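Visitor: Just the first chains of my complex for now:
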Amino acid sequence: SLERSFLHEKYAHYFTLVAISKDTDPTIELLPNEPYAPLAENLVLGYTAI
């Protein structure tokens, strides 16, 4: 189980604040990147019993 989220719930809030700033001119480097969703493959299992 996950202890902490990947911040999907905050993207809209940070994006907005940068875009409407009156102190700085937004640049691509200041905008938030889309939050990561951990897509995966190749699951392999092994075991021992006695």
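Guide: Alright, I've got the coordinates. Numbers count the residues shown, from 1 in each chain, chains lettered A, B, ... in the order given.
Visitor: What lies in contact with stretch A:37-50?
Guide: Outside stretch A:37-50, the residues within contact range by Cβ atoms under 8 Å, 6 or more residues apart in numbering are A:6, A:8. (Each C-beta comes from the backbone N, C-alpha and C, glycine too.)
Visitor: Straight-line length of it, end to end?
Guide: End-to-end distance of stretch A:37-50: 39 Å, with Cα to Cα, to the nearest Å as the criterion.
Visitor: Residue A:15 in helix, strand or coil?
Guide: helix (DSSP: H, G, I helix; E, B strand; the rest coil).
Visitor: excluding its backbone neighbours, what's nearest it?
Guide: Among residues not flanking residue A:15 along the chain, residue A:32 sits closest, at 5.6 Å (Cβ to Cβ, 6 or more residues apart in numbering).
Visitor: how deep is that neighbour tucked in, by neighbour count?
Guide: The burial count assigned to residue A:32 is 15, neighbours taken as other Cβ atoms under 10 Å.
Visitor: list the contacts for it?
Guide: Residues in contact with residue A:32 (Cβ under 8 Å, 6+ apart) are A:11, A:14-15, A:18.
Visitor: tell me, how many neighbours does residue A:40 end up with?
Guide: 5.
Visitor: for chain A, which residue is closest to the average position?
Guide: residue A:35 (2.2 Å; Cα atoms, centre = their mean).
Visitor: By neighbours, which of the contacts of residue A:32 wins?
Guide: Busiest of these [other Cβ under 10 Å] is residue A:15, holding 15 neighbours.
Visitor: following sequence is chain B, add it:
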Amino acid sequence: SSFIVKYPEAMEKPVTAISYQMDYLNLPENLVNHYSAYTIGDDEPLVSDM
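Guide: Just below you will find chain B, in place on the chains above:
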């Protein structure tokens, strides 16, 4: 949220050890730098390290 792995053939036996491996697909070059735009308080990053 969670992720569950099941394999009845092993679970019905007197298993002493069990393990698994996975690969990720489209992971960013640096997961910490990826969230540098997500800060609180006096511009302190939510994601400080791995």
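Visitor: since we added chain B, can you redo the neighbour count of residue A:40?
Guide: If you count neighbours by other Cβ atoms under 10 Å in any protein chain shown, residue A:40 ends up with 11.
Visitor: now it: how far from residue B:10?
Guide: Here residue A:40 is placed at a distance of 21 Å from residue B:10 (Cβ to Cβ, to the nearest Å).
Visitor: One more: residue A:32?
Guide: 43 Å.
Visitor: show me where chain A has helices.
Guide: A:11-19 (DSSP state H).
Visitor: what residues does chain A put near chain B?
Guide: Contact residues, chain A versus chain B (Cβ under 8 Å from any Cβ of the partner chain): A:1-2, A:7, A:10, A:14, A:18, A:30-33, A:35-36, A:38-50.
Visitor: Those in strands, which ones?
Guide: A:40-49 (DSSP state E).
Visitor: which among the residues of chain A next to chain B end up buried?
Guide: In the residues of chain A next to chain B, burial by neighbour count holds for A:7, A:10, A:14, A:32, A:36, counting by 16 or more other Cβ atoms under 10 Å in any protein chain shown.
Visitor: And the furthest pair within those residues?
Guide: The distance between the two most remote of those (Cβ to Cβ) is 14.7 Å, for A:14 and A:36.
Visitor: wait, what's in contact with the residue nearest to the centre of chain A?
Guide: Residues near residue A:35 by Cβ atoms under 8 Å, 6 or more residues apart in numbering or on different chains: A:6-8, A:10-11, B:35.
Visitor: cool, and residue A:19?
Guide: A:26, A:31.
Visitor: how much space is there between it and residue A:38?
Guide: Remark: distance between residue A:19 and residue A:38 (Cβ to Cβ) = 27 Å.
Visitor: go ahead and place chain C:
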Amino acid sequence: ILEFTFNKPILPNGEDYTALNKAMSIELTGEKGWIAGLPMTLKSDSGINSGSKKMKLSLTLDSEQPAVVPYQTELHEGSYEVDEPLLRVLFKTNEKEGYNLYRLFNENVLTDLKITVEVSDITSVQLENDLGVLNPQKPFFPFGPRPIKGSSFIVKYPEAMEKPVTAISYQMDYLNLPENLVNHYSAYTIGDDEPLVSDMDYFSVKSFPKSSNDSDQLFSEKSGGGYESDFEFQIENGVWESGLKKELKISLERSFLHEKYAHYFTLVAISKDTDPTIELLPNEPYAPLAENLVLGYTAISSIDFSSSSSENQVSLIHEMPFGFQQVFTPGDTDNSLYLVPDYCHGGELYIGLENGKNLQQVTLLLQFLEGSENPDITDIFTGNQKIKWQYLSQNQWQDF
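Guide: Below, chain C sits with the chains from the block before:
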């Protein structure tokens, strides 16, 4: 293509393909029965070199011909214990050439058989995405409608993958590709206005079966307008590399920037330094929609009939005037095989008996028309010569 190698030199005078077509006739087991007639004519590269120990046959089938299928007693009307397709060849004994090839092969032992099969213009293939199964008859999105780093495209064709394939390849066309893929993304820049897509190398792939192409670039220039793709694979000894799944898989190194469109669009629109114009707004990112996928392949088998420890996976059957015989089964070895049954000079009469038992006596009356013989023959069973008798056991003739 079929090659037959023997211990001895077959002929001083070699033979043209038009000579072989007067001596032999070849048929295959297909969907509706035997495939025969004009489609099974030997081609011009077939023939025999005089001093050679090797005979070559060559046959081709049009795309309009029925499929070649495993033998079925209910369809091909016979009684063979064969679970594979059959290729049958008979000699045209009516002709001098047919009769003479039969005699020439009676003693010249066969040692090696090589079989090569080449197939092209295959369209019934199976296609897959990371999202599922695609319909190849309609324009489809390899790598998805919204491609991402790491997404993939897979081509499968079981008929080839079950054979000792030495080579395999395919081709594709793209549909609504922009006039220039690099100029298309000129609005997508970083740092001091430096383009993310600087050239065509941006769009590259990984081939897991280890493609033989000269670069990893996804698009190749079409001799006409637009782009196509081309993927060639080679298997050095016909042996599929252990760990690969018998599928052809391509994956993307870099995305097509779908995830950035909103960000660049916004920044241009809200600029306080410049007035936005249509030339400054980003174009919608491309999704590589495609069609007309075509597959081709080559596979090769080679059998030394005398060698142990070899996968001699072929079955050999002899055709006889009133029946047949299994000669060589898969996995066998031998030292003396022939393509034909051996019939020596003379005459034979066969009598079949019904309802007897293995220890009973049989009394037979032979009623002749006495005197009805040719009086003008000098070879007439002099001395103690007489007619010989034998019985059949396990397909062998045995003396009483």
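Visitor: Take the neighbour count of residue A:32 again, chain C included.
Guide: Other residues close to residue A:32 by other Cβ under 10 Å number 22.
Visitor: So which bits of chain A are right by chain C?
Guide: Residues of chain A lying near chain C (Cβ under 8 Å from any Cβ): A:19, A:25-29, A:31, A:34.
Visitor: now do 10 Å
Guide: Applying Cβ under 10 Å from any Cβ of the partner chain, we find that chain A lies next to chain C at A:15, A:19-20, A:25-29, A:31-34, A:39, A:41.
Visitor: Farthest-apart pair in those residues, please.
Guide: Largest pairwise distance in the residues of chain A next to chain C, by Cβ to Cβ, is 41.3 Å, between A:25 and A:41.
Visitor: Quick check: residue A:14 touching residue A:31?
Guide: Yes. In this structure, residue A:14 is within contact of residue A:31 by Cβ atoms under 10 Å, at 8.3 Å.
Visitor: Between those two, which contacts overlap?
Guide: Here residue A:14 and residue A:31 have residue B:37 as joint contacts, going by Cβ atoms under 10 Å, 6 or more residues apart in numbering or on different chains.
Visitor: who's in contact with the nearest residue to residue A:10 once chain neighbours are set aside?
Guide: Nearest-residue entry for residue A:10: residue B:38, 6.3 Å, with adjacent residues in sequence omitted and distances by Cβ to Cβ, 6 or more residues apart in numbering or on different chains. Each residue near residue B:38 by Cβ under 10 Å, 6+ apart is listed here: A:7, A:10-11, A:13-14, A:32-33, A:35, B:45-47.
Visitor: out of those, which one sits closest to chain C?
Guide: Set against chain C, the nearest of these by Cβ to the nearest Cβ is residue A:33 (8.4 Å).
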